[PDB]
Structure formats: C-alpha cells, structure tokens
Amino acid sequence: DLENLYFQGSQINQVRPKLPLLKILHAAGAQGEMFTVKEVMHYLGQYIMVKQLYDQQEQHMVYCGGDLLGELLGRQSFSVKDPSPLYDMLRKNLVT
Ligand SMILES: COc1ccc(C2=N[C@@H](c3ccc(Cl)cc3)[C@@H](c3ccc(Cl)cc3)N2C(=O)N2CCNC(=O)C2)c(OC(C)C)c1
Numbered sequence: 377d378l379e380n381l382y383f384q385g386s387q388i389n390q391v392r393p394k395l396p397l398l399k400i401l402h403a404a405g406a407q408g409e410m411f412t413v414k415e416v417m418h419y420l421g422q423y424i425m426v427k428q429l430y431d432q433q434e435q436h437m438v439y440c441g442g443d444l445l446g447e448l449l450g451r452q453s454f455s456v457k458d459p460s461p462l463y464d465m466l467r468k469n470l471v472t
C-alpha cells in the first residue's frame, strides 16, 4: 500500500521546539522536548493564562511585549482573532 508507505513515520508529526519556545512550554507545565503541534498550542494558551498576558476586558488581546513570548513573536501585542504572528513564530520555532 503506497499510502501506508508514504504516511509511515509521519502519522503523529511531533515537533521539537527551539530552546526559547521550549522554556515557554515548560513554564506552562510541559515536560520533555517532543510534542504534537496540538500540545504546543495547549501549552502556549496555558502560558498566557498563567502569566496573565491577556486583557481581562478584551480577553482575545495578548500583551506579550517585554515577555519572552513577545520577543519570539517580535510583537508587543496580538489578537487571537488575527493570529498571523503566531503562525509565523511556530513555522520558525518548531523543528520536524
Ligand atoms: C476571546 O477570548 C479568547 C478566545 C480564544 C482564545 C484562544 N484561542 C486559541 C487559539 C488561538 C489562535 C490559534 Cl492560531 C490557535 C489557538 C487559544 C490560544 C492558543 C495559543 C495562543 Cl498563543 C493563544 C491562544 N486560546 C486559549 O488559550 N483560550 C481558549 C479560550 N479560553 C481559554 O481559557 C484559553 C483565547 O486565548 C487566550 C489565551 C488569549 C482567548
């Protein structure tokens, strides 16, 4: 089966975060250094919640400036409604 052959070694698609992003996931309670992209998103959400980087009024708004997360994103702020910067950062900080 060629479809089986193609997908072998590639059915979970784990990533190894680059060291600064790994430190963020660890601060949100992650362990080890291999994750699914779904796990990375869970831990990043948790990180923002535990470091209180969101705005209690406009909870879609993240103020990451002066946090390690802001350094990785190259931003002072972002909205979960317009998550382009997060896509960019994860493309650069997740290794297959
Ligand atoms: C209107 O209020 C909302 C609405 C949605 C999100 C959100 N939306 C989820 C989400 C957003 C963008 C992408 Cl690309 C993926 C997932 C996910 C998330 C995951 C990673 C990051 Cl870096 C930020 C947010 N994410 C969350 O982490 N949420 C889910 C909703 N409530 C929560 O308890 C936490 C949200 O996130 C806060 C952490 C800012 C707040």
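Counted the way our numbering counts, the sequence shown spans residues 377 to 472.
Ideal placement from N, C-alpha and C gives every residue a C-beta, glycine not left out.
Within its own chain, the residues whose Cβ lies closer than 8 Å to the Cβ of residue 409, once the five positions on either side in sequence are excluded, are 392, 393 and 398, listed in chain order. Burial state of residue 454 is buried, judged by a 10 Å Cβ sphere holding 16 or more other Cβ atoms. The beta carbon of residue 422 lies closer than 7 Å to those of 404 and 405 in the same chain, with the five residues before and after it left out. Counting other Cβ atoms within 10 Å of its Cβ, residue 417 stays below 16 and is therefore classed as exposed. Pairing residue 390 with residue 431, the inter-Cα distance amounts to about 32 Å.
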